[PDB]
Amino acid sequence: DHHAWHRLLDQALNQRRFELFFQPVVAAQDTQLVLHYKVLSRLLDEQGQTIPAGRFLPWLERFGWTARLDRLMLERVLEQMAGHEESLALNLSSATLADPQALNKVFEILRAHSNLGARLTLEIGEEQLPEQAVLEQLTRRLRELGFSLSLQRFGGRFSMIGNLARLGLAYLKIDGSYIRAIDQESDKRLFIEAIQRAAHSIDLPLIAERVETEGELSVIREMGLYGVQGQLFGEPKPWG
């Protein structure tokens, strides 16, 4: 319900009733080498359950509240990294990117935790990339404050591969759809080889998303990709 979701999300944003979940992202050659943990937002509904980002993000956007989540989540993430030595990754939404106020606030916050710059990567989903202009300032600002930037769910937008060279990303997360059952339909290899060849040529490591299978894993590994992540390595779970 537009107003069930509306009361719930507004209250949740205000009391900061969001939980941090994590999923390990690991080296392809060694699934015991942890590259970072990808932070996932979980919503606490009063009638019990933990609700996944996938279920609530759609409404956050419909209400234009996404930037609030972003702020909340970044403050929480930075806070919680004080407890360990692990590298983390977290999304930024197009909404934050579009509001100069929100975006400044974010830089404000990063400047306050400059110590953590080398342990937190910020991520944008392909489906909400801003202009290459915006991406360029974004990385300049971030690099100055010691933080790295990455892109994810790539790439329907593969034609921008060369634009990315000038951005010095930490890595590129490939949409899992491009590796789904790859071991089973070698059809999909040509495209992956292309990304892998191009990206390697500008020193940008590739991470394969949503790997569900040993078969999928063994081909990704073999084609020479750097990282993997997915249900093969477990459900997203609270800090451990």
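In case it trips you up, residue 1 is the first one in the sequence shown, and so on.
Judged by mean Cα B factor in the deposited record, 26-34 ranks above the other of 207-215 and 26-34. Relative to its counterpart among 142-150 and 166-174, 142-150 has the higher mean temperature factor, C-alpha atoms as listed in the PDB entry.
When the C-alpha B-factors of 92, 110, 88, 160 are ranked from the entry, the top spot goes to 110. When the C-alpha B factors of 41, 66, 196, 49 are read from the deposited coordinates, the top value falls at 49. For residue 12, the recorded CA B-factor ranks within the highest third of the chain. Only modelled residues enter the ranking.
Per the PDB record, residue ranking by Cα B-factor puts residue 75 in the middle third of the chain. Sort the modelled residues of the chain by CA B factor and residue 120 lands in the middle third.
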